[PDB]
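What follows is one structure encoded as structure tokens, with my remarks underneath.
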């Protein structure tokens, strides 16, 4: 009884973090790998 | 798989299951004559120690001279501090 | 088992020989004639017979811990029971651990199957490779 | 086989060692060595029997 509950909860925690892992990586704004585009945009409203 | 039956260990189980077994070696001493006191001290571990140095005894036998064994010619005298 | 017995009589033969020599020397009277040296001859000749007897049973191998029980006058038979309880209990350990970690395999793989729809077939392969095929 | 081999020779070797000391010992003392050696040697053989 305790072995199954503890094991099942541990497996459940994997799913909980898996959803958090996937949802958070998909929720990253500004999907880019170059700062040049950011710098041009970061310069635009600095001028503003 | 039952490893007891797979490796032919069932016969051992039927011979050495829960039964009356003396904690000492008193299952063979009574067959022998005389009063024998179980010598289970540390000094009795020689036979274990005897095996690490086989060379103490040469290949076949040590020198033997039956004629020199004349010291076993014993008089008829008493013996104190010794009980039969 | 014939050789096993054959060695045994010679071993007990020597034990009886020691007692007779010990009794003869202890109960020594002039009424004894040529009865002492003959007993010693049976001893020395008895010892030599054992050397020939240990070689036909050479295949027998005595474990180290077993002779330790003999040296201290312990219970070697109890060790056989101890080993019996040792194997039976620890057979549950290997299987118990296996079953403990097999159910974690079966259930967790089933959980992976219920979270990712696009990688469903792959999880079925994990269980297949998780068996000993 | 090796276990049996040593005890036979050591008892033989011990006996040979004693054979030298017995002739040059007191009348009452020579018997003590034989009785003690026989009893001690006998006990060593009981271990092999078991």
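Among what's in the stretch B:1-28 and is more than 9 Å from chain C (Cβ to nearest Cβ) and in contact with a helix residue (DSSP H, G or I) (Cβ under 7 Å, 6 or more places away or on another chain), pick the residue that is surrounded by the fewest Cβ atoms within 10 Å (Cβ to Cβ).
This residue is B:10.
Yes or no: residue C:49 within 11 Å of chain D (Cβ to nearest Cβ), in a helix (DSSP H, G or I) and within 34 Å of the chain's Cα centre (by Cα)?
The answer is yes for residue C:49.
Would you check which residues across the stretch D:8-32 are surrounded by 14 or more Cβ atoms within 10 Å (Cβ to Cβ), assigned to a helix (DSSP H, G or I) and more than 8 Å from chain B (Cβ to nearest Cβ) and list them?
D:8, D:11, D:14, D:15, D:18
Being surrounded by fewer than 17 Cβ atoms within 10 Å (Cβ to Cβ) and either within 11 Å of chain D (Cβ to nearest Cβ) or touching a strand residue (DSSP E or B) at 6+ places or on another chain (Cβ under 8 Å) (or both) is the filter here; which residues of the stretch C:25-37 pass it?
C:26, C:28
List, please: which pairs have Cβ atoms under 9 Å, are six or more places apart or on different chains, and start with a residue in the stretch C:88-110 that is touching a residue at least 24 places away in the same chain (Cβ under 8 Å) and end with one that is in a helix (DSSP H, G or I)?
Correct list of pairs: C:105/C:126; C:105/C:127; C:105/C:130.
Here's the yes/no breakdown for (1) within 11 Å of chain C (Cβ to nearest Cβ); (2) in contact with a helix residue (DSSP H, G or I) (Cβ under 8 Å, 6 or more places away or on another chain); (3) under 30 Å from residue C:102 (Cα atoms):
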{"residue": "A:6", "(1), (2), (3)": "yes, no, yes"}
{"residue": "A:11", "(1), (2), (3)": "yes, yes, yes"}
{"residue": "A:19", "(1), (2), (3)": "yes, no, yes"}
{"residue": "A:27", "(1), (2), (3)": "no, no, no"}
{"residue": "A:30", "(1), (2), (3)": "no, yes, no"}
{"residue": "A:34", "(1), (2), (3)": "no, no, no"}
{"residue": "A:43", "(1), (2), (3)": "no, no, no"}
{"residue": "A:46", "(1), (2), (3)": "no, no, no"}
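Any chance the stretch B:30-52 includes a residue that's away from chain C (no Cβ under 11 Å), part of a loop (DSSP other than H, G, I, E, B) and under 25 Å from residue C:51 (Cβ atoms)?
So far as the stretch B:30-52 goes, yes, one or more of its residues are away from chain C (no Cβ under 11 Å), part of a loop (DSSP other than H, G, I, E, B) and under 25 Å from residue C:51 (Cβ atoms).
Of all residues in the stretch B:53-75, which are in a loop (DSSP other than H, G, I, E, B) and within 18 Å of residue D:36 (Cα to Cα)?
Result: B:73, B:74, B:75.
Which of the residues that make up the stretch D:33-50 are part of a helix (DSSP H, G or I) and over 23 Å from residue B:53 (Cα atoms)?
D:33, D:34, D:35, D:36, D:38, D:39
Just one of the numbered conditions (1) over 25 Å from the mean Cα position of the chain (by Cα); (2) surrounded by 10 or more Cβ atoms within 10 Å (Cβ to Cβ) is not true of residue B:51; which one?
Condition (1) is where residue B:51 drops out.
Virtual Cβ from ideal backbone geometry, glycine too; neighbours counted across all protein chains shown. We did not get these values from a lab; they are worked out from the coordinates using the rules stated.
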